[PDB]
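In: Experimental structure below, sequence on top.
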Amino acid sequence: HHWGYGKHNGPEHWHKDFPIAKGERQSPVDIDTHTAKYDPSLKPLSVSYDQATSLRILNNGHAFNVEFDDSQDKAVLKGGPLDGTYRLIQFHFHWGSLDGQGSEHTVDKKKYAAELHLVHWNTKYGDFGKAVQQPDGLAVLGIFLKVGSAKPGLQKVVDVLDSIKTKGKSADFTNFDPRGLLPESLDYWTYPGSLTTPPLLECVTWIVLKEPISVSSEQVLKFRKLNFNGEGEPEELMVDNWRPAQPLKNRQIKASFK
Ligand SMILES: CN1CCN(C(=O)c2ccc(S(N)(=O)=O)cc2)C[C@@H]1Cc1ccccc1
Ligand SMILES: [Zn+2]
């Protein structure tokens, strides 16, 4: 009876195995755009993905992860609110059963069709497993997806999903360039939070881009053909793999822009 996104094991149940679910810096949150304060001391974000080495794509039963070689400073996130150098380890998405839901963060209570999480760890902690034990261990770059025009740099991801339909399937996924998933603007909101899945560790500096990317209805439909289940198990479509907004509590969301 493991955690997931069903009626019996979904987000309202997680606190029983992961009591930090009710903690003081849980993610995601609603971004109230009128209350977020411009912080003119925030620096521009530095996204340095030119030497990124993608390796593999994995259906983990909760989402799919595009994994990178993080054994050197190849694809890194710096600046913005961050002190030091954060290495890209993987990206994944959260999405809905319908275009009107799927994002984890909301903006003035608006839900987007999906949300991309580019996950990075602070190199001062040496490995990802050590970093998630620290309050400044991770930086997750969050990008909203809306349905409209296709995102050409997403199609190589969409086209491999048939090969990883079920939990535990992986596929080679070399030479994928995550720069093709970014919007034009790097304007962002930032706040201290958590992993949005168990173990819900309070180790993330969230950086949420204001500008969503557009994907096509056909691209997101292909996300919704994935399976939560393993091969030869009853089919349960991988949809609505998002945690809803959690209480902001004693936190301030800062804006990089006016
Ligand atoms: C390493 N795994 C397995 C997968 N996972 C994560 O690494 C992770 C990353 C990003 C997010 S998010 N949606 O961007 O906030 C959520 C979870 C969870 C988990 C983390 C973990 C940490 C310590 C002990 C055991 C497991
Ligand atoms: Zn995520």
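Out: All right, it came through fine. Numbering: from 1, shown residues only. Ligands and ions are numbered 1, 2, ... in the order given.
In: Just give me the neighbour total for residue 175.
Out: By other CB atoms under 10 Å, the residues close to residue 175 number 9. Just so you know, the C-beta spots here come from the backbone N, C-alpha and C atoms, and that holds for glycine as well.
In: what's the helix or strand for it?
Out: If you go by DSSP states H and E, residue 175 is not part of any helix or strand.
In: again with residue 34
Out: Per DSSP H and E: nothing holds residue 34, as it lies in no helix or strand.
In: dump the residue contacts of the nearest residue to it once chain neighbours are set aside.
Out: Nearest non-adjacent residue to residue 34, counting by CB to CB, 6 or more residues apart in numbering: residue 108, 7.7 Å away. Shown in contact with residue 108 (CB atoms under 8 Å, 6 or more residues apart in numbering): 30, 31, 32, 33, 34.
In: can you check residue 25 too?
Out: Residue 25 neighbours (CB under 8 Å, 6+ apart): 192, 193, 194, 202, 249, 251.
In: Just the buried ones from those residues?
Out: Listed as buried from these are 192, 193, 194, 202; burial here means 16 or more other CB atoms under 10 Å.
In: my guess is the last one contacts residue 135, does it?
Out: Just to be clear, that refers to residue 202. Yes. The criterion here is CB atoms under 8 Å, and residue 202 meets it with residue 135 at 6.5 Å.
In: what touches both of those two?
Out: With CB under 8 Å, 6+ apart as the test, residue 202 and residue 135 both reach residue 192.
In: For the stretch 51-200 of the chain, which segments count as strands?
Out: Taking DSSP state E, counting those that start in this stretch as the test, the strands found in the stretch 51-200 of the chain are 54-59, 64-68, 76-79, 86-95, 106-107, 114-122, 138-147, 170-172, 188-193.
In: So which other helices or strands are in contact with the fifth one?
Out: Contacting strand 106-107 under the criterion 3 or more CB pairs under 8 Å, 6 or more residues apart in numbering; DSSP states H and E are the following elements: strand 30-31.
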